[PDB]
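A quick write-up on the structure given underneath.
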Amino acid sequence: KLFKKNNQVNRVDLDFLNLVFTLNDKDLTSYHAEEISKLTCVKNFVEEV
Amino acid sequence: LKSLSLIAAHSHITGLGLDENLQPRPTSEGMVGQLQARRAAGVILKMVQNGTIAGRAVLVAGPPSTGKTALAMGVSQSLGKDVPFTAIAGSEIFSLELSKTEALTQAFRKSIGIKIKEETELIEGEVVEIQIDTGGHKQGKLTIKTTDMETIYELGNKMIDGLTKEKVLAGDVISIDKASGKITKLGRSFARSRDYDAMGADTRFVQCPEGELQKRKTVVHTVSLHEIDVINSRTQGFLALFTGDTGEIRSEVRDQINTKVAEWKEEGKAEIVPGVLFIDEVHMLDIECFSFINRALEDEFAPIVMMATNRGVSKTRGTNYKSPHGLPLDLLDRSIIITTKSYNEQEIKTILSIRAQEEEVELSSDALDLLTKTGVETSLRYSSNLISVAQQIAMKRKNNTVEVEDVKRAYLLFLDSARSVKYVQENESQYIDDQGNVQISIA
Amino acid sequence: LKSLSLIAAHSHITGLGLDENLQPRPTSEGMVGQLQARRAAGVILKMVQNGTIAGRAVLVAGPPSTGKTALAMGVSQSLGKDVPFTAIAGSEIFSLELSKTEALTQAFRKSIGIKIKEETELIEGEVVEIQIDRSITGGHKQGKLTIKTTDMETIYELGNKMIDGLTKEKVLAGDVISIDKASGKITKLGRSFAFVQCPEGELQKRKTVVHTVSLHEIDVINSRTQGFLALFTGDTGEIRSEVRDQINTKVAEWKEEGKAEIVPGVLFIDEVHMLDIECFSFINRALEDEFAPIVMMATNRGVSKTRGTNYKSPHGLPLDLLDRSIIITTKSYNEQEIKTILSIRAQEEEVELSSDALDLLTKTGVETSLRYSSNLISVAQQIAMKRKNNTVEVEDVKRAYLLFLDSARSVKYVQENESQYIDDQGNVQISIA
Amino acid sequence: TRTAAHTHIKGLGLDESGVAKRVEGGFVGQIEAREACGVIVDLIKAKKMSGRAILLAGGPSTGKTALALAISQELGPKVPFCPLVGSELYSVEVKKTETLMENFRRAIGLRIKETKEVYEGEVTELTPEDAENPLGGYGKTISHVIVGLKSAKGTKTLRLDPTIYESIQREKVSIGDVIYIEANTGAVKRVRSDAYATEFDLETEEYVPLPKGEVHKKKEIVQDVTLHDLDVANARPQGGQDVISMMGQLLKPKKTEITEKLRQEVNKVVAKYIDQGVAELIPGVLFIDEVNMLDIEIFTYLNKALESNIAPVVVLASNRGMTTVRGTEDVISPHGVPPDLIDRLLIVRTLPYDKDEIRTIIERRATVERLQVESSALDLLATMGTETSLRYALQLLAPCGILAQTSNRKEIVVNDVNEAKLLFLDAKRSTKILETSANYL
Amino acid sequence: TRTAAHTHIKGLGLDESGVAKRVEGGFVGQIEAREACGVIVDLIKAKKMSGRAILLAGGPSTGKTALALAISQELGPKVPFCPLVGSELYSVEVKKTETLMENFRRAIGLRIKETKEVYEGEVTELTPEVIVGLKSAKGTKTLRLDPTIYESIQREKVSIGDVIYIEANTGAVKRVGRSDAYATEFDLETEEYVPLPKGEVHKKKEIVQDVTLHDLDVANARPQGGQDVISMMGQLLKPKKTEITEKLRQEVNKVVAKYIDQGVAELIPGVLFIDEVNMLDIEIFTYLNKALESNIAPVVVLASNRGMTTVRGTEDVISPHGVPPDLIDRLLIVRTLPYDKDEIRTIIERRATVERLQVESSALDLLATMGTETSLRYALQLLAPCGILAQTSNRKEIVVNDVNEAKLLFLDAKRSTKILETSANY
Ligand SMILES: Nc1ncnc2c1ncn2[C@@H]1O[C@H](COP(=O)(O)OP(=O)(O)O)[C@@H](O)[C@H]1O
Ligand SMILES: Nc1ncnc2c1ncn2[C@@H]1O[C@H](COP(=O)(O)OP(=O)(O)O)[C@@H](O)[C@H]1O
Ligand SMILES: Nc1ncnc2c1ncn2[C@@H]1O[C@H](COP(=O)(O)OP(=O)(O)O)[C@@H](O)[C@H]1O
Ligand SMILES: Nc1ncnc2c1ncn2[C@@H]1O[C@H](COP(=O)(O)OP(=O)(O)O)[C@@H](O)[C@H]1O
Ligand SMILES: [Mg+2]
Ligand SMILES: [Mg+2]
Ligand SMILES: [Mg+2]
Ligand SMILES: [Mg+2]
């Protein structure tokens, strides 16, 4: 109880930055990821902005 | 500099790309000389690129700092991409869990190149919006609305209960396999971006693909067969690709994989890609390694090895007798020799100037000539460090040019090896012998 | 029943052919000569079948290729059957899951055994009728199997779980079937036809069965839980000595009361001419243990330094273990002995050699070793088979000899051409010029 | 489409009645060695003796590896051939003795063959064959079950015991998709058909064209497996939620010391199957080359194991002479092998070839590489190869041809070879470079 | 029956003053060794002090290990003697020092009185959530199973008609089997029929199961509940011996102190043994040099005999018995003298009597002559061979022919050495 208190103070989410890749290949395929990446770059959320 | 690479001692030299004539030039791509050596290296590189003959060998000798590692790196650069290079030094084979022989075998297995192709099918754009008229799935047909065709698909026992599988609100782009495959979500739509303020990590929004649905997609992979060995080593052998607990791969898997690659090459599904092996300073290696390679380099899949060392008449490690080059006669027979030569003033000054350019360092005439004198009386590496230290002095001296001032300050504050040895021999009193002989007393 | 094999070197002699007084026949049961060696083997075998003596070291020395291992294997086979006997070599002492201490300990433990008797009951007959009351997709059933012989009509019954046990596989209304009571195990004596006649006699027979198990096996089965895997995988090392003491006192009191019976075994060690002095002291401590199989040794050299030491002790063995050991030295062969050995080896190969074939075999045995002759016989027989007749004349033998090489000829060839092949300083020659 | 100093040595120039000629079958010369190895091959095919061994004696490029590959090719898939060097025996994971036992069990094979009846077709119908209940109770009692099937050109209905209903119940046969049932073993097995494949737009169902041939057929299988495969199948625990199997899978199992009890039980079961005629044993030739490094302990161990009953032939190769045996310097013995092994084993000698034979070697190697050289340069090629070595000329011919090709040529003429020999050096020139240059080169 | 070179010794024979007889209970001479052993026996019987050790030095067949077995059998059953050889301390998965302390901790005996109870009865019902309604001869009580032991009960296929021997303190369950009351279920029922156990289900007993220090060390270091599934994982994750440190040593010391101060328990020392310390390396000698300087190290005995030989583990430490000089200076030497002609006679006589060999007078004297001529062991190893030879050569007694046949058949080291200098090959 005397250690785990600075958790949320200076935590940078590695999973949110996609660095847990070694644990992401269990349900990942190449073509789906490439298709999403191609249909990712803006062009869908900046228009209403 | 795609990666976090900063600079190389030889970064100006990227590629032994000899001209179409293959006749060496006095200057090319930053390198000067090595004429017959460069011609032979081009011949070797072409022979490697041939991809039809295995079991060749070339030996490199000569004093170090003559671009030997730069020579190999330029060869690799001239070989382009899709050809992984085995970066293994002499002191990397005496591993704990990997014996030297099968470690060399693993290095060769990595060194091979292969290509694989595959084909699959999917459905794209399935903005479904199921609506049926509880359970049981009576009249089990689903609306499918992509950009091109917008119809209703009839289903059966596997889908009318497969649509209730992957429970979704049916307002998103989904993928199904027309070849009797399962259902996979590729993300929601932009209209679903606004319905929930903070979308969950699972929920992502991607537009409906602009086209038809039945997509027959081909894929191509370039994976070494040793990776497949690690994959099929155990029932779930996917964690071991990066951890490194291979475990001295058995030869039964090796010959099974050889048969599989041969039959896939005959089927046309796979094709080979040449590979190279290179280890520096082969002299500091066990005689067992030389004995093993002298037999293992004539196998059917025997990529060439870039032998290189610089020692003299010594003993092969693992024996007692005097040996040529510290290498056995058997290894010094089934190969061809590359040798280097002592530096001359012109290439010394040109290489120093090129390095200064690579370091974003400006050198004037006096500093260049003085450092050429240093690099000809000593080796060029001392001058290659001195250009850096002198540019640091200059930029601390409120100028960018390097001249006699910074060079002389470096010379006074940095000691040559010969004068260092003289200082050692004349001040041995403060030094220590093997037996701990130190004169700590002063007065 | 017969174990797979090929024509082995020791597949030529079985037993020693001793007598009631253990007098040695010159050539009997394969063994040829070695009269006093045969007498020593006989007295050793009577000593071990006496069962009153444990822990006596015996060592055998002699020149290379002198039938020492042949005598050893003859003794091992002469031990009869129904009694365990374990053997090891000069390089299996070391281990990683086990220490050399524990490896030798297990080697000593494996030889001795115990046999516990028990009663067994069985029902046997032929199922000629069957009727099972079984609801579809239910959880309640009964049955009546009419396992019968040709003597009477008997509809037997099944209890709670016996329905699955007697209906696991095909059971028809003619099939000769034998089941056990306490377990319900199924044993297919054979189908009636479509081929054994319906049995006679009484259905329920009783008998006795005796189960054997070695000391180390008893130590390892009950020490822990996963040791059953260690019965095959061997996933254990340095078993706790408390279990060993408990099983030892259990065996002692079992022998005292008489529930079981001891079947002491024998441990065999050969080519022990190289071994650590630590293992020698291990032998020196294990010999006087209360339970100790008779241990054999072997040697080929004489004065030599034992591993772990620096003194060239005689027989390759420290003098302490030398003194506490019984030495049985062997000498060379007689020419009569070697030609008899060649004849018995040829007839073991059942190769119908000619008289001149055995003549040249004996001449080679006089000039050089005998196993080289044991390969020259094969090559000459095959070269004669290249002529298709079942005889080998001087031509095949002479061609095989002047095409092949023994030690001395190749030694002299290298001697006169030391500069051709690799020498100790590492120079070899590829070109004839 | 690959070659590494090979693809030109096939066979041994063999023939019926054991005769080896001058220039045939890739090999040139070495009539004695080739006839000896042919006799060895005949001995291996005989499968009579156990654990024989023959060494080699010669210099570089005399056929040792060539002869080994030749006999390996002559064996074929029927008899396994296992090449090896003693250096691979340095197994850090497990002891040397276990490695040699595993190699021994790998060099012992068993060939299995069996034939099972197959009833194929498509289920045309399924109907009860009712009889009145004879025993306690009345109503329904199916006498038997007869079900029709039709493969391509073959239609037949199978009469079978009524019990197959459970199989129909268990396998969910539906109607006319897949049938797998035998006369005696019985029970249907299922793996629809493409005719219905278009009834659904998309599914996860299986389909197949109409079966071919007649309803009743047979299949023949031949499989040669080593006994070590059976041993490791017995040893390695495979399964699911059971703690032993999943715990072993979690533990990443290593080379556990299998007990000799299981090994002997496997041998007994293998023999009891083989004698019945359902199986038969075939040996496998273990081969180990460059054996000079092998130490004294392995020498003694192989001397002990030479007499094993199941022991297959092991052929050994080396080229040393008057040297000190590796492992320890006490034994200074020929061939790096103590006389404890030399006097108990069959020695075979080898020696390099004559100028004509070696020139034919060079020419044939050129032909396999598809490059070529005219006489006016090939004469000097032969002279230099006699002067320098065989491997020197064989390896340096390719740079000459490639240099000519880059020099807009296809033949090899005096210039290219002259400058090629001017540039590159060899072992004697390597020693000269060692003891002439004084700048650390 | 079987005899292995021992069991002829049956005690030193010390009188009321600690003086042993000449030849009694398998003994011959060596009054110095016998008297020193008696002194050590009295000191151990005092059961007051600790942390002292001696070595007894003597040649081969001088009764060193014989005296060790004599003192062992003299001490008695409860007090344990720990036999160990320098080859034993070379372990595999733990360091040698920890092995030495494991031996030290298991050496000391600790009489303790802990409590065990067992539930044993016919099950009446089970209620999953756990009830196990054990019905004994006069009692029927329903315990609660914790989920782990509930799972163990489930795996035990226990149903109405079953009796289980589930211990109360450990908690593990051992089914006794199908109830003999339901013997009328099948005339050929597979399961054994065992009746309802006597007494109440929760049968309680007073037990004298003692504990060695290593026993209660492994009790908590590697719990061994046994039959329950969680106990299986506990004994499977760490089945081996773990490197117990000094912290658990102090915890264990506190636990044993409180248990022995509870009153019923008690402490008894023990004796450890080492043979041929000459082979021991300098590392273990140096470590034990600082290990005996403690308050817990119990009594150990050394048996070694070397002349001016270098101590193993070093290259220049030359000392008698192969012992480093410091250990010699801190250890007590007991002397042993070589055996004599009359001692050889009596030894062969007793070894014949124990082996049921009625060897006559002249045969015994000749065997003594061979014992005095080459070595005692050479003559001793021939008693059984000569008897068996005379049995095969139809002689109840042992004539000179039998011993001559043995001497030409089973040679000694001297004759083999005499052979070895004349041989064309080794
Ligand atoms: N021909 C050349 N052109 C430009 N730079 C060179 C040339 N030759 C050598 N160098 C410089 O000299 C250095 C040679 O080092 P290198 O020989 O690769 O080390 P090693 O001898 O340990 O392999 C390189 O850092 C490179 O910058
Ligand atoms: N007297 C004999 N009787 C039977 N076989 C013999 C005899 N002498 C030698 N042999 C054979 O010669 C080989 C020599 O081996 P052996 O004498 O047993 O051990 P070593 O080779 O160590 O002397 C044996 O394999 C055996 O088959
Ligand atoms: N007698 C031979 N006949 C045919 N080819 C040979 C012969 N000797 C060597 N070679 C060639 O040399 C290669 C093997 O060389 P090898 O004889 O193993 O060398 P070493 O004698 O040093 O072992 C093979 O690829 C083969 O093409
Ligand atoms: N005093 C004795 N009485 C009876 N037998 C003895 C006596 N001393 C030694 N022995 C016998 O001599 C053998 C050697 O004695 P032991 O003490 O075990 O080893 P060592 O004396 O060689 O160190 C033992 O087997 C023992 O039976
Ligand atoms: Mg370098
Ligand atoms: Mg033998
Ligand atoms: Mg080879
Ligand atoms: Mg003693």
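Ligands are numbered from 1 in the order shown, chains are lettered A, B, ... in the order of the structure tokens, and residues start at 1 in each chain.
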Residues of chain B within 8 Å of chain C, counting only C-alpha atoms, as an NGL selection string: :B and (321-323 or 328-329)
message: Excluding residue B:165 and its own-chain neighbours fewer than 6 positions away, which residues fall within 10 Å of it when counting only C-alpha atoms? Please give them as a list in words.
response: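 So, after excluding close chain neighbours, the residues are residues 158, 159, 182 and 183 of chain B.
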Write a file of the just-selected residues containing C-alpha atoms, as a short mmCIF file (atom, residue, chain, number, x, y, z; two decimals), in the first residue's frame.
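Saved as part.cif:
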```cif
data_model
loop_
_atom_site.label_atom_id
_atom_site.label_comp_id
_atom_site.auth_asym_id
_atom_site.auth_seq_id
_atom_site.Cartn_x
_atom_site.Cartn_y
_atom_site.Cartn_z
CA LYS B 158 -24.68 -22.19 -40.31
CA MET B 159 -25.47 -18.50 -40.94
CA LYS B 182 -16.62 -16.90 -40.58
CA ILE B 183 -17.65 -13.30 -39.83
#
```
task: Kindly work out which residues sit at most 8 Å from ligand 5, using only C-alpha atoms and all ligand atoms, and give the list as a list in words.
output: residues 64, 65, 67, 68, 69, 280 and 281 of chain B
Kindly export the residues of the current selection with N, CA, C and O atoms, as a short mmCIF file (atom, residue, chain, number, x, y, z; two decimals), in the first residue's frame.
```cif
data_model
loop_
_atom_site.label_atom_id
_atom_site.label_comp_id
_atom_site.auth_asym_id
_atom_site.auth_seq_id
_atom_site.Cartn_x
_atom_site.Cartn_y
_atom_site.Cartn_z
N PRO B 64 43.76 -4.20 -40.56
CA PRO B 64 42.41 -3.64 -40.39
C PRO B 64 42.35 -2.16 -40.72
O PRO B 64 43.34 -1.56 -41.16
N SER B 65 41.17 -1.56 -40.54
CA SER B 65 40.88 -0.17 -40.87
C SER B 65 41.01 0.11 -42.37
O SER B 65 41.07 1.28 -42.77
N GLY B 67 38.68 -0.67 -44.56
CA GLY B 67 37.34 -0.75 -45.11
C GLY B 67 36.78 -2.14 -45.28
O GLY B 67 35.84 -2.31 -46.05
N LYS B 68 37.33 -3.14 -44.58
CA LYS B 68 36.85 -4.51 -44.74
C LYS B 68 35.40 -4.65 -44.30
O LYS B 68 34.56 -5.16 -45.04
N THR B 69 35.09 -4.19 -43.08
CA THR B 69 33.69 -4.14 -42.66
C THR B 69 32.90 -3.20 -43.55
O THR B 69 31.74 -3.47 -43.89
N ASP B 280 33.52 -11.25 -39.01
CA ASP B 280 34.81 -10.58 -39.01
C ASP B 280 35.77 -11.26 -38.04
O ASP B 280 35.36 -11.75 -36.98
N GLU B 281 37.05 -11.27 -38.41
CA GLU B 281 38.13 -11.80 -37.58
C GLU B 281 37.89 -13.27 -37.22
O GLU B 281 37.69 -13.65 -36.07
#
```
task: From stretch 144-226 of chain C, collect each residue whose DSSP state is helix (DSSP H, G or I) and return the set as a PyMOL selection string.
output: chain C and resi 162-166+215-223
How would the residues just chosen look if you wrote them out with N, CA, C and O atoms as a PDB file, in the first residue's frame?
```
ATOM      1  N   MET C 162     -21.194 -51.578 -14.192  1.00  0.00           N
ATOM      2  CA  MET C 162     -20.673 -52.685 -14.985  1.00  0.00           C
ATOM      3  C   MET C 162     -21.221 -52.705 -16.406  1.00  0.00           C
ATOM      4  O   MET C 162     -20.629 -53.362 -17.271  1.00  0.00           O
ATOM      5  N   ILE C 163     -22.331 -52.010 -16.668  1.00  0.00           N
ATOM      6  CA  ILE C 163     -22.911 -52.016 -18.009  1.00  0.00           C
ATOM      7  C   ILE C 163     -21.927 -51.432 -19.015  1.00  0.00           C
ATOM      8  O   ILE C 163     -21.689 -52.006 -20.083  1.00  0.00           O
ATOM      9  N   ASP C 164     -21.331 -50.285 -18.682  1.00  0.00           N
ATOM     10  CA  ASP C 164     -20.339 -49.685 -19.569  1.00  0.00           C
ATOM     11  C   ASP C 164     -19.100 -50.564 -19.682  1.00  0.00           C
ATOM     12  O   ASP C 164     -18.520 -50.696 -20.766  1.00  0.00           O
ATOM     13  N   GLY C 165     -18.682 -51.174 -18.571  1.00  0.00           N
ATOM     14  CA  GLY C 165     -17.491 -52.009 -18.598  1.00  0.00           C
ATOM     15  C   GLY C 165     -17.639 -53.220 -19.500  1.00  0.00           C
ATOM     16  O   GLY C 165     -16.693 -53.614 -20.185  1.00  0.00           O
ATOM     17  N   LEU C 166     -18.823 -53.827 -19.512  1.00  0.00           N
ATOM     18  CA  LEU C 166     -19.085 -54.983 -20.359  1.00  0.00           C
ATOM     19  C   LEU C 166     -19.698 -54.614 -21.703  1.00  0.00           C
ATOM     20  O   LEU C 166     -19.971 -55.509 -22.508  1.00  0.00           O
ATOM     21  N   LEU C 215      13.981 -52.546  -6.311  1.00  0.00           N
ATOM     22  CA  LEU C 215      14.098 -51.671  -5.148  1.00  0.00           C
ATOM     23  C   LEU C 215      13.931 -50.206  -5.537  1.00  0.00           C
ATOM     24  O   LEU C 215      13.168 -49.466  -4.904  1.00  0.00           O
ATOM     25  N   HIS C 216      14.645 -49.767  -6.576  1.00  0.00           N
ATOM     26  CA  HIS C 216      14.552 -48.374  -7.000  1.00  0.00           C
ATOM     27  C   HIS C 216      13.150 -48.028  -7.479  1.00  0.00           C
ATOM     28  O   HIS C 216      12.679 -46.904  -7.268  1.00  0.00           O
ATOM     29  N   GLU C 217      12.471 -48.975  -8.130  1.00  0.00           N
ATOM     30  CA  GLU C 217      11.100 -48.731  -8.564  1.00  0.00           C
ATOM     31  C   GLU C 217      10.182 -48.497  -7.370  1.00  0.00           C
ATOM     32  O   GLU C 217       9.346 -47.586  -7.388  1.00  0.00           O
ATOM     33  N   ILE C 218      10.322 -49.312  -6.321  1.00  0.00           N
ATOM     34  CA  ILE C 218       9.532 -49.100  -5.111  1.00  0.00           C
ATOM     35  C   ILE C 218       9.882 -47.762  -4.476  1.00  0.00           C
ATOM     36  O   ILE C 218       9.009 -47.059  -3.953  1.00  0.00           O
ATOM     37  N   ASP C 219      11.164 -47.390  -4.509  1.00  0.00           N
ATOM     38  CA  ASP C 219      11.578 -46.107  -3.953  1.00  0.00           C
ATOM     39  C   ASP C 219      10.926 -44.948  -4.695  1.00  0.00           C
ATOM     40  O   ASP C 219      10.506 -43.961  -4.079  1.00  0.00           O
ATOM     41  N   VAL C 220      10.827 -45.051  -6.017  1.00  0.00           N
ATOM     42  CA  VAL C 220      10.381 -43.917  -6.816  1.00  0.00           C
ATOM     43  C   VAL C 220       8.858 -43.846  -6.954  1.00  0.00           C
ATOM     44  O   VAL C 220       8.312 -42.755  -7.143  1.00  0.00           O
ATOM     45  N   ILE C 221       8.149 -44.975  -6.859  1.00  0.00           N
ATOM     46  CA  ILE C 221       6.703 -44.934  -7.067  1.00  0.00           C
ATOM     47  C   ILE C 221       6.006 -44.225  -5.911  1.00  0.00           C
ATOM     48  O   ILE C 221       5.078 -43.434  -6.121  1.00  0.00           O
ATOM     49  N   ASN C 222       6.434 -44.493  -4.680  1.00  0.00           N
ATOM     50  CA  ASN C 222       5.725 -44.023  -3.499  1.00  0.00           C
ATOM     51  C   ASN C 222       6.331 -42.772  -2.878  1.00  0.00           C
ATOM     52  O   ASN C 222       5.749 -42.228  -1.934  1.00  0.00           O
ATOM     53  N   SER C 223       7.477 -42.306  -3.377  1.00  0.00           N
ATOM     54  CA  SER C 223       8.107 -41.129  -2.790  1.00  0.00           C
ATOM     55  C   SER C 223       7.278 -39.871  -3.026  1.00  0.00           C
ATOM     56  O   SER C 223       7.135 -39.037  -2.125  1.00  0.00           O
TER      57      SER C 223
END
```
field: Top pick for closest residue to chain C, considering E:141, E:415, E:350, E:105 and counting only C-alpha atoms
entry: E:415
message: as a VMD selection string, please: every residue in stretch 90-332 of chain B that DSSP puts in strand (DSSP E).
response: chain B and resid 113 to 123 141 to 145 150 to 154 174 to 176 183 to 185 214 to 221 270 to 273 276 to 280 304 to 308 314 to 315 322 to 323
field: Atomic separation - atom CA of residue B:361 relative to atom CA of residue B:387, Å
entry: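 It comes out at 7.6 Å.
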query: Near stretch 26-43 of chain E, within 8 Å and counting only C-alpha atoms, which residues show up once chain neighbours fewer than 4 positions away are dropped, as a list in words?
result: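 Result of the neighbour search: residues 8, 9, 10, 11, 12, 14, 18, 19, 20, 22, 47, 56, 67, 71, 75, 334, 335, 336, 337, 339, 343, 346, 347 and 350 of chain E.
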- request: Counting only C-alpha atoms, collect the residues of chain D whose closest atom lies at most 7 Å from chain C, and write them out as a PyMOL selection string.
  value: chain D and resi 17+32+48-50+58-61+95+97+235+256-259+261-262+268+271-272+297+301+307-310+319-324+334+342-348+352+386+389
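Among all protein and nucleic acid residues, the ones that lie within 6 Å of ligand 3 when counting only C-alpha atoms and all ligand atoms are residues 5, 6, 27, 28, 59, 60, 61, 62, 63, 64, 65 and 66 of chain D.
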Report as a PDB file with C-alpha atoms, in the first residue's frame all protein, DNA and RNA residues lying within 10 Å of residue E:331, evaluated on only C-alpha atoms, omitting residues in the same chain fewer than 4 positions from it.
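To be explicit, this is the file written out as out36.pdb:
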```
ATOM      1  CA  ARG E  52      32.839 -31.036  18.723  1.00  0.00           C
ATOM      2  CA  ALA E  53      34.269 -33.536  16.238  1.00  0.00           C
ATOM      3  CA  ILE E  54      37.043 -36.136  15.999  1.00  0.00           C
ATOM      4  CA  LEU E  55      38.750 -38.106  13.252  1.00  0.00           C
ATOM      5  CA  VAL E 301      33.106 -38.149  12.802  1.00  0.00           C
ATOM      6  CA  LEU E 302      35.905 -38.208  10.226  1.00  0.00           C
ATOM      7  CA  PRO E 325      46.401 -27.797   8.700  1.00  0.00           C
ATOM      8  CA  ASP E 326      43.778 -25.606  10.396  1.00  0.00           C
ATOM      9  CA  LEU E 327      41.226 -28.424  10.576  1.00  0.00           C
TER      10      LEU E 327
END
```
field: Contacts to ligand 8 at 10 Å cut-off (only C-alpha atoms and all ligand atoms) as a ChimeraX atom specification
entry: /E:56-69,275,303-305,336
Would you mind exporting the chosen residues as a compact mmCIF listing (two decimals), in the first residue's frame, restricted to N, CA and C atoms?
```
# COMPACT_ATOMS: atom_id res chain seq x y z
N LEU E 56 39.19 -40.48 13.24
CA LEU E 56 39.94 -41.69 13.56
C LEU E 56 40.74 -42.09 12.33
N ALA E 57 42.05 -42.23 12.51
CA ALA E 57 42.97 -42.49 11.41
C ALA E 57 43.47 -43.93 11.49
N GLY E 58 43.37 -44.65 10.38
CA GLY E 58 43.83 -46.02 10.29
C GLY E 58 43.87 -46.51 8.86
N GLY E 59 44.69 -47.51 8.58
CA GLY E 59 44.82 -48.02 7.25
C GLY E 59 43.61 -48.83 6.83
N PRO E 60 43.69 -49.42 5.63
CA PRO E 60 42.62 -50.32 5.19
C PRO E 60 42.49 -51.51 6.14
N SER E 61 41.25 -51.94 6.35
CA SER E 61 40.93 -53.07 7.22
C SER E 61 41.42 -52.86 8.65
N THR E 62 41.39 -51.62 9.13
CA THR E 62 41.79 -51.30 10.49
C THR E 62 40.61 -51.07 11.42
N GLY E 63 39.39 -51.31 10.96
CA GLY E 63 38.23 -51.20 11.82
C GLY E 63 37.65 -49.81 11.99
N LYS E 64 38.03 -48.85 11.14
CA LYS E 64 37.47 -47.51 11.24
C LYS E 64 35.97 -47.52 10.99
N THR E 65 35.56 -47.92 9.78
CA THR E 65 34.14 -48.03 9.48
C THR E 65 33.47 -49.10 10.33
N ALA E 66 34.22 -50.15 10.69
CA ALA E 66 33.70 -51.14 11.62
C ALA E 66 33.36 -50.51 12.96
N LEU E 67 34.26 -49.66 13.47
CA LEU E 67 33.98 -48.94 14.72
C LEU E 67 32.82 -47.96 14.55
N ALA E 68 32.68 -47.36 13.37
CA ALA E 68 31.56 -46.47 13.12
C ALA E 68 30.23 -47.23 13.19
N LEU E 69 30.16 -48.40 12.56
CA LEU E 69 28.94 -49.19 12.66
C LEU E 69 28.73 -49.68 14.09
N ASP E 275 33.66 -40.07 5.26
CA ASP E 275 34.73 -40.98 4.89
C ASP E 275 35.62 -40.32 3.84
N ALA E 303 36.71 -40.11 8.95
CA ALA E 303 37.49 -41.32 8.70
C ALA E 303 38.35 -41.08 7.46
N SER E 304 39.65 -40.86 7.68
CA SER E 304 40.57 -40.57 6.59
C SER E 304 41.95 -41.09 6.96
N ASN E 305 42.75 -41.36 5.92
CA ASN E 305 44.12 -41.84 6.12
C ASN E 305 44.99 -41.55 4.89
N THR E 336 44.94 -45.74 15.27
CA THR E 336 44.65 -47.15 15.01
C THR E 336 45.93 -47.84 14.55
```
query: How would you write, as a ChimeraX atom specification, the set of residues no farther than 12 Å from ligand 7 when counting only C-alpha atoms and all ligand atoms?
result: /B:291-299 /D:6,56,60-72,82-85,287-291,315-319
- request: Would you list the residues that come within 6 Å of ligand 6? Count only C-alpha atoms and all ligand atoms and give the answer as a PyMOL selection string.
  value: chain C and resi 67-70
query: Quick one: residues within 10 Å of ligand 1, with only C-alpha atoms and all ligand atoms, as a ChimeraX atom specification?
result: /B:8-13,26-34,61-73,280-281,308-310,340,343,347-355,358,379-381,384
query: Using only C-alpha atoms, which chain C residues lie at most 6 Å away from chain E, written as a list in words?
result: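 In the required form, that comes to residues 21, 52, 53, 54, 159, 181, 182, 183, 288, 290, 301, 302, 324, 326, 327 and 328 of chain C.
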